[PDB]
Amino acid sequence: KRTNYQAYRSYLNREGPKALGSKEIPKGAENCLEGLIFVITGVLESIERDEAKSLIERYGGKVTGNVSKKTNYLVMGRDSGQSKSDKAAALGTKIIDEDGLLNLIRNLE
DNA sequence: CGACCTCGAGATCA
DNA sequence: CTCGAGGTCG
């Protein structure tokens with residue numbers, strides 16, 4: 375079942391973090407994301423799951439692969455998981471992108 | 001006739 | 001979360 379599927383994935387889902395390590399991870403208040411739960415699904419413009427997690431975790435925010443009732447903000451860029459999006463939509467969770475997540479931190483600074 | 005983006009169900013993890 | 005199958009733009 376395993377193979378070099380990551381090879382044709384570029385054309386498939388248009389994945390490939392371009393500006394990784396020189397765009398993300400701001401200098402905003404560490405307490406910024408400290409309050410709500412940040413759930414990032416799929417992939418955004420250009421970010422690694424680890425880089426997003428490292429950002430949220432450091433900012434006192436919690437991150438999980440399963441949307442919760444206290445999420446409030448669901449980060450979703452290029453994903454197809456309707457099953458997970460359905461939960462968030464029913465809860466009243468808003469969908470944000472890469473900049474959307476950073477915008478919160480960009481506001482506090 | 002060739003490239004590309006959306007629904008979807010099964011493992012993932014609080 | 002992370003492959004899974006399809007129909008339309010090209």
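Quick note, in the deposited numbering, the first sequence goes up one by one and the last residue is 483.
The beta carbon of each residue, even a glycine, is placed where N, CA and C say it ideally should be.
Residue i - containing beta strand (DSSP E), residue span
| i | result |
| --- | --- |
| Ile469 | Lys468 to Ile470 |
| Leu448 | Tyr447 to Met450 |
| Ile414 | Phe412 to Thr415 |
Coarse secondary structure for residue i, derived from DSSP in three states
| i | result |
| --- | --- |
| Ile430 | helix |
| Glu483 | coil |
| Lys444 | coil |
| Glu408 | strand |
| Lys461 | helix |
Spatial distance of residue i from residue j (CA atoms)
| i | j | result |
| --- | --- | --- |
| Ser428 | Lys375 | 30 Å |
| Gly402 | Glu431 | 13 Å |
| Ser459 | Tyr379 | 25 Å |
| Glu404 | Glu472 | 18 Å |
| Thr377 | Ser384 | 15 Å |
| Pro400 | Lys444 | 24 Å |
| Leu394 | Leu465 | 32 Å |
Contact check, residue i vs residue j, beta carbons under 9 Å
| i | j | result |
| --- | --- | --- |
| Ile469 | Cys406 | no |
| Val449 | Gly474 | yes |
| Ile421 | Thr438 | no |
| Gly435 | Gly409 | yes |
| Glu398 | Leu476 | yes |
Residue i, enclosing alpha helix (DSSP H) - first and last residue
| i | result |
| --- | --- |
| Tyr385 | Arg383 to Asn387 |
| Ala393 | No alpha helix (DSSP H) contains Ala393, which DSSP labels as neither H nor E. |
| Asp453 | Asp453 -> no alpha helix (DSSP H), and no H or E assigned at all. |
- Hey, is the region 409 to 425 in contact with the region 447 to 460, meaning 3+ C-beta pairs nearer than 8 Å? yes
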